[PDB]
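Visitor: Here is the sequence, then the experimental structure:
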Amino acid sequence: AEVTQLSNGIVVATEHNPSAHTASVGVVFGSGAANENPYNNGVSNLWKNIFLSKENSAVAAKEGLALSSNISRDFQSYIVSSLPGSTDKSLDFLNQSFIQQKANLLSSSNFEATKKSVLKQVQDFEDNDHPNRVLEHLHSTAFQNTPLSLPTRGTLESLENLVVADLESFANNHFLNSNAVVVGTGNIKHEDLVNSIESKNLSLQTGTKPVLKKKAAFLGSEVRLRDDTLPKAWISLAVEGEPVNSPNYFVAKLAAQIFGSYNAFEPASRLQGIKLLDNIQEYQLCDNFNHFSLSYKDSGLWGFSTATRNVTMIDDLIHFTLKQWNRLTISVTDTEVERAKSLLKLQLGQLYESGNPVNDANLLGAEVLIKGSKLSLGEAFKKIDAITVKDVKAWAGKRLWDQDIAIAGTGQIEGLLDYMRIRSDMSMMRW
Amino acid sequence: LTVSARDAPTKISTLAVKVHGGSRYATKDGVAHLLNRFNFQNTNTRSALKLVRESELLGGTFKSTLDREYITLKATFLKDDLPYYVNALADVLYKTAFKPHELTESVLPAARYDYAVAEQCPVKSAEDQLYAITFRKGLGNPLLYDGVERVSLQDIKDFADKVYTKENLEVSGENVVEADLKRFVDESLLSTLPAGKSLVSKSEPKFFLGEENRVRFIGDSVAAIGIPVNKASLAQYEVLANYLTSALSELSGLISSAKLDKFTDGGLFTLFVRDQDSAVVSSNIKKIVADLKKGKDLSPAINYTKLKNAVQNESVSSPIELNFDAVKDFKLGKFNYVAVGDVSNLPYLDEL
Amino acid sequence: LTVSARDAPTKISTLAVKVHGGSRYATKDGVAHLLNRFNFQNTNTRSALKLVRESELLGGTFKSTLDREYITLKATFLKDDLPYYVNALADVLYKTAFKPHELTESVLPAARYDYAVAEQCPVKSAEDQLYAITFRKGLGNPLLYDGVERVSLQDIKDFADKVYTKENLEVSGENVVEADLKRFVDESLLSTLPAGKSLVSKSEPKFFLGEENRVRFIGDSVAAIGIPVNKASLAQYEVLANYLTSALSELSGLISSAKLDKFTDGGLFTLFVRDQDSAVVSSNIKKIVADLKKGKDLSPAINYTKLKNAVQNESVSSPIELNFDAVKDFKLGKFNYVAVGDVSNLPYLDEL
Amino acid sequence: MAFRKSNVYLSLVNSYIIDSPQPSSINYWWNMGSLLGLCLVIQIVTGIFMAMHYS
Amino acid sequence: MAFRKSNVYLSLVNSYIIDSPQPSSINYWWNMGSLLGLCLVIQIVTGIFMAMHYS
Amino acid sequence: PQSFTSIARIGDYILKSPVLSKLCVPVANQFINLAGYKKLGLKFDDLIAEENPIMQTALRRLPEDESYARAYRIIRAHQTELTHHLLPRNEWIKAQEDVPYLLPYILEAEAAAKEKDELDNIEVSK
Amino acid sequence: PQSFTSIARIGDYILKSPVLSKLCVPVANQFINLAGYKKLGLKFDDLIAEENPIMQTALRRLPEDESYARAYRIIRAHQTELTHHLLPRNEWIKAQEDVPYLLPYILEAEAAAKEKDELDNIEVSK
Ligand SMILES: CCCCCCCCCCC(=O)OC[C@H](COP(=O)(O)OC[C@H](O)COP(=O)(O)OC[C@@H](COC(=O)CC)OC(=O)CCC)OC(=O)CCCCCCCC
Ligand SMILES: CCCCCCCCCCC(=O)OC[C@H](COP(=O)(O)OC[C@H](O)COP(=O)(O)OC[C@@H](COC(=O)CC)OC(=O)CCC)OC(=O)CCCCCCCC
Ligand code: HEM
Ligand code: HEM
Ligand SMILES: CCCCCCCCCCCCCCC(=O)OCCCOP(=O)(O)OC[C@@H](O)COP(=O)(O)OCCCOC(C)=O
Ligand SMILES: CCCCCCCCCCCCCCC(=O)O[C@H](COC(=O)CCCCCCCCCCCC)COP(=O)(O)O
Ligand SMILES: CCCCCCCCCCCCCCC(=O)O[C@H](COC(=O)CCCCCCCCCCCC)COP(=O)(O)O
Ligand SMILES: CCCCCCCCCCCCCCCCCC(=O)O[C@H](COC(=O)CCCCCC)COP(=O)(O)OCCN
Ligand SMILES: CCCCCCCCCCCCCCCCCC(=O)O[C@H](COC(=O)CCCCCC)COP(=O)(O)OCCN
Ligand SMILES: CCCCCCCCCCCO[C@@H]1O[C@H](CO)[C@@H](O[C@H]2O[C@H](CO)[C@@H](O)[C@H](O)[C@H]2O)[C@H](O)[C@H]1O
């Protein structure tokens, strides 16, 4: 159990998994939505879709290859999956997609058709995916006029104004060697991959460095998208959280696990050791909720999202939740912290020990881009077990107690009270 | 009482107790679903509440899944806690309380939730329909409980007796040491369970062809075709499903979904065309059928399907298909058809 | 513009304006139902409220009825007030306001009610199904509006334009002096209506046989059979319907309902078996079909049918009268079948 | 629900002076009512205390 | 609805004194509360009228 | 209190009279501009007191698109009012946009209510 | 507010002891007969104050047929009380009929509630 990483101009990172019956090879760039501007916003999502374009997918399918691409805020990935014995065929495809060619996919017919498809996907997301649309607006308001505020899929306005030149322009500025990491996961040998890459010459294409921008900043604020025609109220609320590599990265995740997630329709979900559940189940304040600790390069967001049909009691839902958060600073119990440790280990285990090579490729690539390595699950578990009640209290005392919040909501949110009533609940009266 | 387990130096492990008690074996419409929902409720010695609270403390979660073939009780947890989870799953099969209040307060409401969700998805209704007209009683049984046929507490208990037997289940473990798993299973109440019969049928199921059923529904329209497939003919249908949903086929952009449901005694190929506009569904389905009837070469999709069939690593008792290296051509013969939605403006089987 | 009437020395008279705009002619699912519900709402010169208050003081009521073939506007009043009702009915066809608020506030809710009432009656569900699988698009159109196919205000107005024409309606009167009726009809706006074209098909409708549809439903189970009949075979199915429902048949206690729906271009014979117990429905339908395949002598039911057919008749537009004398035997050939309810435990067309 | 809403007495206080939905645009002229309540309290309290010494 | 239920003031009267659902079996001991209300009224009224002549 | 049927009757009479129209309309135009509701982004019909059956009937019948638009103007007007400012000149409602969008719904509701009252109190002359 | 779990624990201890049983049961029998609830057509379990979460859970779980019967006994008892009479002797609840039909539902709810409270306050000994 270990992760190897070598360099020679191109940084190669692999993670051999014997129990895997497939392999994934790809490139992860250290640039995402947070590297775009308001006007070209969605250009990365455009790249993802042309990579997954029918023409390109057909070539890959003929060789028994499957394509994957993920657009995030800090990173961007392009992965090719195949049987363990066809790892060579994956690299040949990857070489043709970035090095050998970089304008064949950008033909008028392919660009227009792809652009038309993403425009449809984004319009759909905006009209129908309320919980995710609300979470995207949380980022938009929390980090407004800052890089982290840009939605990963882009916006309809900027998307429809995008032309091939914008794609090429972005590719030239970000699809660079110094901003990339070739990853290999599943059944793969570090030596085989590093030698197959080193097999080809390609050395002249490099040297260039990506563009620099402004620093992400949190701003207490809110964006309300009331829609009385929707059957529920969907809201996300959060404070400034922890960036990746923060000394409190795990404490923040443990705190989120204390309140966790809930589904009113699942019998076992209603039996969880979460004190908040005693307050919200009596009058059934919501259908579901999920606490999170989103971490990025420059900042993060700690809070929760919830959906409810109880439109006349939203004030109680928010009040009880925030009152529980108050407890992290003054009265969180030893048992609550212990329960959270166990569940945090379980979530981390399921995230990192998945049987999916593409998931591992994304995780490996993203982590080696930020810290030049991937923290072992063993060392993560040890940090988690070391977290104390005092640690949680010190963290909440600086991050939660009487701190600004960002709020986003859509649907029947008339019952969601004004900003100050919510903001006041971030603390309690004391003597 | 089969026991298998693949090991790994991981920190997380999964345990699965697969019981041949899916909807195909349901004595009454929906009983398999209700039993699935009863799993993890109170046992004679431990309440559902204590199970959840205890499992959270040591770091583990439980779930019971229902499909046409099985009722799978799964546990995901920290590796070293294996014995606890083996006994927990065993206690469910051997001694669930089955209290009347649990049926009314938790089971029925949860099953209503599942139905309500599925009820709004026309493709799931179309799939249920496809199974019903192609197989009828048995494999064609409804997956979920919709209450058309009343199911009592006793019916649920009777089905548990009929399905929870040593000969009707397989224990599987991932990232688990087989030696220990076998030892723990032998010490658990699993071995104390009665050794009934394996409900698995060896012979091929009776099927029907050229069948059609139409269902009015408010929402998206769906036209679907179902084809019963032989045990030996299932490899060519697997490649067909992947081919039809890949960039290798010109009609992939016309189909919402296509797949092959595989069982030990055969399978069912299903293809769905879904859209809010009935005219679009009509044109798409007509084009798909006409194209498939003309036939096509599935050879180019061989290496691709091999990769896709392999991405199912989580499955332990997976049906091996070395038959891939023999598939080439496909020509659409007889099939079954179901229209759901704006039925008055959807094609009839006669027109295809 | 056919105008006929039968007089009598009574206090009460009835007036009907039969329009060939029933569900069989519905352009979109439920539009005939919606138009039927729109009748007697506001006209351009008189509100629905004034019409009601005015006719109450006079001593009369209005009603609009819908069936597979007609949309019938009927008035029942005190004899001497005939001209008022002639003009009232004429105003409806010529100048109903069709205000958007009337659709939302009165028409849609009223149609929603009609649907909910029928929705809980499985034989009516089975009957719609029988008409659907036998004739499809034409006479197979759903009787009521259920919302699967969106129907706008404009669609309703379009249907009115299509069906409210002089060549497409017949005016009837009972206990009314014909001479005066014709005069009032000519003076009314009924004569100013566009002389369109009769929608009545003179040829025989396309039909299907050996078709079946199964519908899951909570409540009583129902097994029904539908048989398309020619204009010539009409009389034999009339006596059959009455025979199977009379004390002359030893299977009348096994059937819930049996009838022959007569149209100018043919008809549909329907037989329904209904019960809360699906086992009873199964037994009965299987026996009914077995005995009908064995052949039956309908001769003894001839005089009974002449009596029953005579009582059923009242409208001045009844089908083929003298045709009964030649009926003799009957043997069930091909037919259509529908199962509604506990479908998983109901017979299939196969075993019939 | 919150105690201010469930309690029989506090629910009145809550409906009248805590959660009462007010039009966002009411101006300072809408402050006179609270002033009248204050006046009544001032009068009754000073009056009672003076009554103790009045003949 | 009836005015006694619709009107803002009458509704309270109706709620407490007219439509108030009473257990069918309460005996005469449950009449003391109304008597206490009567007593308070008697005291306040006689008191005020006497206050007019008191120093 | 004064019905819109009555306001229209008097108003139409002034409008259809070349003499009165030339004498009254200019005064009315200045009255409206001095009113200042358009400076808050409002149309006159947005100003009608709605707490009565006629107006509730009218507002319920108002098509969705216009209803959403009215909601926005009212909300924006409240926000502008509470800040003690007027909207920027370019956001003011133009005279061409100050249309009686609700009036026809109001007149229809009033006519129906008037007829119901008449029918409820009709006398029979035997 | 003494729990039924506590009551049963003490009572069972008395019933299981031949000495205490022969000494207490007779006095208890006399106490019950003097209580007179059976003369109003009531069973002891009908007398339990129900305005608490445990009792509401118990009553909700009580099977329908028994719930309807309990309802009748309560109504009939109120009617008899207001008329200041006792029921006819033949309608009195017989000793054999004075069964603890609700007790098992009550004990079950109390046990579950007790466990939840213990689990909500569990301490972890590392
Ligand atoms: C007199 C003996 C009885 C004593 C009782 C006194 C109680 C006060 C009565 C006065 C009153 O009700 O006036 C209301 C009138 C309406 O105002 P508006 O809602 O449109 O305000 C918008 C404001 O800028 C928001 O502004 P903001 O809230 O930010 O601060 C407002 C202002 C409020 O001052 C007051 O307390 C009221 C005068 O504070 C200041 O900036 C003052 C700096 C020293 O306020 C005004 O704007 C004044 C207009 C002339 C009224 C003259 C009074 C006739 C006698
Ligand atoms: C000085 C300050 C007090 C002055 C005002 C006090 C007035 C009321 C106080 C007495 C009281 O509340 O006693 C209630 C007690 C309960 O009775 P229950 O509900 O079980 O009745 C069934 C009844 O036959 C229904 O009978 P029914 O309604 O048909 O008529 C009842 C009777 C009522 O009389 C009264 O005024 C009430 C006491 O009318 C008559 O027929 C009497 C003919 C002269 O009635 C009794 O049986 C009295 C028990 C004596 C204890 C008194 C102790 C006081 C120190
Ligand atoms: C609605 C509230 C009240 C109003 C409007 C009111 C008004 C007045 C006025 C105008 C005077 C004459 C003040 C002067 O010129 O010296 C006065 C005097 C007095 N009031 Fe009140 N009053 C109120 C309530 C009360 C109450 C509740 C008491 C209780 C006994 C009270 C006790 C007195 C006394 C003792 C005086 C005489 C001393 C003095 O002149 O200030 N008042 N009140
Ligand atoms: C709950 C209400 C009241 C109670 C319990 C109460 C009680 C009493 C008592 C026990 C006395 C002495 C009676 C005696 O032995 O002579 C008294 C006297 C008096 N009370 Fe009250 N009282 C009440 C309300 C009032 C009110 C509201 C006033 C209004 C000012 C008032 C004015 C007087 C006066 C003037 C006297 C002196 C004359 C007398 O002795 O009767 N009382 N009260
Ligand atoms: C800015 C100022 C701040 C300074 C603070 C000092 C000012 C004090 C604030 C508290 C003011 C409350 C005054 C209103 C009041 O007591 O009347 C309540 C009438 C109840 O009527 P409702 O609002 O329709 O409520 C609901 C009730 O009608 C339902 O009936 P039920 O369940 O029987 O409950 C009934 C109340 C009964 O009491 C009365 C007398 O009404
Ligand atoms: C009879 C009625 C007449 C008066 C009408 C006017 C109403 C004014 C009442 C003021 C109550 C303010 C409470 C604030 C609160 O609870 O928020 C508390 C905070 O309170 C404070 O910080 C103290 C502010 C000082 C209050 C000044 C007292 C006013 C002097 C009395 C004048 C009236 C005689 C919750 O605060 P948080 O939202 O940040 O968590
Ligand atoms: C604050 C004081 C507390 C006292 C509580 C006592 C409550 C009794 C109040 C009596 C109101 C009766 C109203 C009946 C009614 O409206 O029904 C009216 C009929 O009223 C009558 O016939 C008159 C009855 C005369 C009762 C005398 C009143 C006694 C005054 C002394 C009470 C001092 C407190 C409707 O009757 P109907 O239902 O047959 O159509
Ligand atoms: C002219 C005035 C007429 C009065 C109009 C009524 C206006 C109400 C305004 C009063 C504000 C004061 C409320 C404080 C009390 C709230 C706490 C409470 O009710 O706790 C109570 C207990 O209260 C007591 O024991 C004494 C209350 C005496 C209050 C005397 C001022 C708890 O009540 P709980 O809601 O928890 O329900 C109990 C479970 N069955
Ligand atoms: C602690 C203080 C006392 C607590 C207050 C609550 C108890 C109130 C009991 C008083 C009984 C008296 C009620 C009579 C008033 C009912 C009629 C009414 O409200 O008509 C009112 C008009 O009232 C007035 O103009 C003056 C009322 C002054 C009353 C002075 C005592 C009509 O109101 P309306 O309900 O018809 O509103 C129309 C809804 N479409
Ligand atoms: C009405 C007659 C006159 C009475 C006297 C006036 C009353 C004054 C009360 C003053 C302060 O009461 C005090 O208020 C502050 C908020 O301002 C509370 O603070 C609370 O919220 C603030 C945020 O706004 C947090 O920073 C703080 O950590 C938290 O404890 C504090 O815990 C409470 O103790």
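Guide: Noted; the coordinates are in hand. Residues are numbered from 1 along each chain as shown, chains lettered A, B, ... in the order given. Ligands and ions are numbered 1, 2, ... in the order given.
Visitor: which parts of chain D sit against ligand 5?
Guide: Applying Cβ under 6 Å from any ligand atom, we find that chain D lies next to ligand 5 at D:12-13, D:15-17, D:34. Heads up, the C-betas are built off the backbone N, CA and C, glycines and all.
Visitor: Out of these, flag the one nearest to residue A:143.
Guide: Ranked by distance to residue A:143 (Cβ to Cβ), these are led by residue D:17 at 37.1 Å.
Visitor: show me where the stretch 251-352 of chain B has helices.
Guide: Ranges of helices within the stretch 251-352 of chain B are B:278-294, B:302-310, based on DSSP state H, counting those that start in this stretch.
Visitor: tell me the most buried of these?
Guide: Neighbour counts (mean count of other Cβ atoms under 10 Å in any protein chain shown) averaged over each of the helices of the stretch 251-352 of chain B peak at helix B:302-310, with a mean of 20.
Visitor: name the helices or strands packed onto that helix?
Guide: Helices and strands touching helix B:302-310, by 3 or more Cβ pairs under 8 Å, 6 or more residues apart in numbering or on different chains; DSSP states H and E, are helix A:54-62, strand A:66-71, helix B:234-244.
Visitor: and with 7 Å instead?
Guide: Using 3 or more Cβ pairs under 7 Å, 6 or more residues apart in numbering or on different chains; DSSP states H and E as the contact test, the elements touching helix B:302-310 are helix B:234-244.
Visitor: The helix it packs on and chain A in contact?
Guide: No. Using Cβ under 7 Å from any Cβ of the partner chain, helix B:234-244 stays clear of chain A, with a minimum separation of 8.9 Å.
Visitor: again, but for stretch B:216-228
Guide: No. Stretch B:216-228 lies apart from chain A when judged by Cβ under 7 Å from any Cβ; the minimum separation is 12.6 Å.
Visitor: how near is the residue in the stretch 251-352 of chain B that chain G sits nearest to to ligand 3?
Guide: Chain G sits closest to residue B:314 of the stretch 251-352 of chain B, with a gap of 32.9 Å, by Cβ to the nearest Cβ. For residue B:314, the distance to ligand 3 (Cβ to the nearest ligand atom, to the nearest Å) stands at 81 Å.
Visitor: Tell me both backbone torsions, phi and psi, for that residue.
Guide: Note on residue B:314: its backbone torsions stand at phi -60, psi -30 [degrees, to the nearest 10].
Visitor: that older thread, out of the helices of the stretch 251-352 of chain B, nearest to residue A:20?
Guide: Closest among the helices of the stretch 251-352 of chain B, once you apply Cβ to Cβ, is helix B:302-310, at 9.4 Å.
Visitor: List the contacts of the closest one.
Guide: A:21-22, A:61, A:63-64, A:66, A:81-83, B:238-239, B:242, B:246, B:248, B:321, B:324, B:327 (Cβ atoms under 7 Å, 6 or more residues apart in numbering or on different chains).
Visitor: make it 8 Å
Guide: A:21-22, A:61-66, A:81-83, A:86, B:238-239, B:242-243, B:246, B:248, B:321, B:324-325, B:327 (Cβ atoms under 8 Å, 6 or more residues apart in numbering or on different chains).
Visitor: Please check those residues and keep the buried ones.
Guide: For the contacts of helix B:302-310, a neighbour count by 16 or more other Cβ atoms under 10 Å in any protein chain shown gives the buried set as A:21-22, A:61, A:63-66, A:81-83, A:86, B:238-239, B:242-243, B:246, B:248, B:321, B:327.
Visitor: where along chain B do the strands fall?
Guide: For chain B, applying DSSP state E gives strands covering B:2-6, B:12-19, B:60-66, B:71-78, B:169-174, B:212-216, B:221-229, B:257-263, B:266-275, B:296-297, B:329-330, B:336-341.
Visitor: hey, which of the ones you listed is tucked in deepest?
Guide: strand B:336-341 (a mean of 27).
Visitor: does that one come close to chain C?
Guide: Yes. Residues of strand B:336-341 are located near chain C by Cβ under 8 Å from any Cβ of the partner chain, namely residue B:341.
Visitor: Could you name the helices and strands sitting against that strand?
Guide: In terms of contacts (3+ Cβ pairs under 8 Å, 6+ apart), strand B:336-341 is packed against helix B:122-135, strand B:212-216, strand B:221-229.
Visitor: Turn those into JSON lines, including distance to ligand 7.
Guide: Listed next are the helices and strands packed on strand B:336-341 as JSON lines, based on distance: least, Cβ to the nearest ligand atom, whole Å:
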{"stretch": "helix B:122-135", "distance to ligand 7": "60"}
{"stretch": "strand B:212-216", "distance to ligand 7": "56"}
{"stretch": "strand B:221-229", "distance to ligand 7": "63"}
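Visitor: Residue B:266: what's it in contact with?
Guide: Each residue near residue B:266 by Cβ under 8 Å, 6+ apart is listed here: B:204-205, B:228-231, B:234.
Visitor: would you turn the residues of chain D next to ligand 5 into CSV with distance to ligand 2?
Guide: Shown next, in CSV, are the residues of chain D next to ligand 5 (distance: Cβ to the nearest ligand atom, whole Å):
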residue, distance to ligand 2
D:12, 33
D:13, 36
D:15, 38
D:16, 38
D:17, 41
D:34, 45
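Visitor: number of nearby residues for residue 2?
Guide: You didn't pick a chain, so chain A it is. Number of residues near residue A:2 (other Cβ atoms under 10 Å in any protein chain shown) recorded here: 7.
Visitor: wrong one, chain F
Guide: If you count neighbours by other Cβ under 10 Å, residue F:2 ends up with 7.
Visitor: a strand runs through it, doesn't it?
Guide: No. Using DSSP: H, G, I helix; E, B strand; the rest coil, the assignment for residue F:2 is coil, not a strand.
Visitor: List phi and psi for it.
Guide: phi -70, psi 130.
Visitor: Specify the local secondary structure of residue A:102.
Guide: The three-state assignment at residue A:102 reads coil, by three-state DSSP.
Visitor: out of everything not next to it in sequence, what's closest to it?
Guide: Leaving aside its chain neighbours, residue A:102 sits nearest to residue A:171 (6.7 Å; criterion: Cβ to Cβ, 6 or more residues apart in numbering or on different chains).
Visitor: how close does the one residue in chain A that gets nearest to ligand 2 sit to residue D:19?
Guide: With Cβ to the nearest ligand atom as the measure, residue A:282 is the residue of chain A nearest to ligand 2, at 39.2 Å. According to Cβ to Cβ, to the nearest Å, residue A:282 and residue D:19 sit 19 Å apart.
Visitor: Same question for stretch A:327-342: list its buried residues.
Guide: Residues of stretch A:327-342 classed as buried: A:327-329, A:332-333, A:335-342 (neighbour count, 16+ other Cβ under 10 Å).
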